[PDB]
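Take a look at the structure below.
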Amino acid sequence: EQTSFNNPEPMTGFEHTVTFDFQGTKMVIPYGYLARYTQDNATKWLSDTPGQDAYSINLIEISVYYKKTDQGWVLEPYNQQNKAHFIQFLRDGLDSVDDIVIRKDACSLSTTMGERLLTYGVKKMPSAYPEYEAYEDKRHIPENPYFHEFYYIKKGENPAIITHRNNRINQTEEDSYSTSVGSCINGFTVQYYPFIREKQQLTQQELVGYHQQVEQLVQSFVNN
Ligand code: NA
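Residue numbering for the sequence shown follows full-length UniProt numbering, beginning at 44 and increasing consecutively.
And the structure:
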């Protein structure tokens with residue numbers, strides 16, 4: 044197989060697509076979601092290669108810019124309005140651009156994760172979305188009064204586990220929350236650390252909202 048970077052810098056991110064193949068299963072991705080697959084300060088972008096039906100891969104790593112709006116947070120491909128955020132990201136990773144890793148594998152999220160959490164002393168709490176079970180870990184650590192973690196677990200056809208935790212361990216430090224998401228969407232595994240520049244505690248609505256956008260996005264790639 045041969046790689047090509049024949050596409051221009053995007054204006055919207057939707058002007059071209061690239062076709063990928065996971066052992067026969069195709070995914071067609073608007074090229075603005077592929078900022079890591081570029082050359083020369085994001086002036087040459089990955090393109091379908093003549094004579095090759097698809098890029099045969101084991102994983103795809105898309106990159107999305109996340110942005111606050113009046114209607115929530117939204118995810119964007121590279122475009123002329125947000126490009127400076129991607130340029131910073133490509134230099135040192137230090138901007139509001141998240142990576143989402145897509146593979147094609149059988150789901151291995153536990154259908155009994157919540158039961159396990161209960162056995163560990165993590166407690167169930169009310170959920171804003173009935174299809175998610177919510178849990179809060181407030182277990183006591185004498186040396187770490189800041190220990191605090193949340194889980195939001197979805198089952199169904201496309202299960203997901205969202206973990207949101209305070210990374211602060213001392214008193215001079217500030218609160219610094221981070222998030223992990225593991226999920227299975229339409230036969231794919233989709234794993235990511237969203238909101239990478241946010242240190243503030245995020246609500247269930249912010250976290251589930253992001254994941255709903257990711258589910259729609261990944262599904263749009265196999266609608267083609
Ligand atoms: Na690659």
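Every residue gets a Cβ at the ideal spot worked out from N, C-alpha and C, and that includes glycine.
Own chain partners of residue i with C-beta closer than 7 angstroms, once the 5 adjacent residues on each side are dropped
i, result
"residue 250", "195, 205, 207, 222"
"residue 265", "70, 229"
"residue 101", "146"
"residue 95", "44, 45"
"residue 248", "171"
Identity of the residue in the options nearest residue i by Cα
i, options, result
"residue 197", "226, 129, 219", "226"
"residue 192", "63, 218, 214", "218"
"residue 200", "210, 232, 111", "232"
"residue 116", "245, 164, 93, 61", "245"
"residue 86", "44, 92, 129", "129"
"residue 59", "45, 92, 137, 161", "92"
"residue 213", "154, 236, 187, 161", "187"
"residue 238", "61, 224, 254, 141", "141"
"residue 57", "72, 68, 67, 66", "72"
"residue 252", "111, 182, 267", "111"
"residue 152", "258, 234, 66", "234"
6 angstroms Cβ shell around residue i - same chain, five flanking residues per side excluded
i, result
"residue 287", "Coverage of the chain is limited to positions 44 through 267, which leaves residue 287 absent and any answer about it impossible."
"residue 118", "107, 109, 256"
"residue 64", "97, 99"
"residue 105", "76, 143"
"residue 157", "176, 196"
"residue 184", "190"
"residue 211", "189, 218, 219"
"residue 165", "178, 180"
"residue 138", "128, 131, 132"
"residue 242", "219"
"residue 202", "152, 227"
Contacts around residue i, its chain only, beta-carbon distance under 8 angstroms, and the 5 residues preceding and following it disregarded
i, result
"residue 262", "228, 229"
"residue 209", "189, 190, 191, 192, 218, 219, 220, 244"
Original post:
Touch check for the segment 76-93 and the segment 131-145: three-plus C-beta pairs under 8 angstroms?
Top reply: yes
Original post:
What are the start and end residues of each continuous beta strand (DSSP E) run of 3 or more residues lying completely inside the segment 187-214, in chain order?
Top reply: 192-197, 203-209
Subject >> Start-end ranges of the beta strand (DSSP E) lying completely within the segment 86-113, minimum 3 residues >> reply: 87-90, 102-112
Original post:
Does the pairing of the segment 115-129 with the segment 48-59 give three or more beta-carbon distances under 8 angstroms?
Top reply: yes
Subject >> Three CB pairs or more closer than 8 angstroms across the segment 140-150 and the segment 160-172 >> reply: Two segments are said to touch when three or more pairs of C-beta atoms, one from each, lie closer than 8 angstroms; by this definition the segment 140-150 does not touch the segment 160-172.
Subject >> beta strand (DSSP E) segments (min. 3 residues) lying fully within the segment 132-159 >> reply: Runs of the beta strand (DSSP E) inside the segment 132-159: 140-147.
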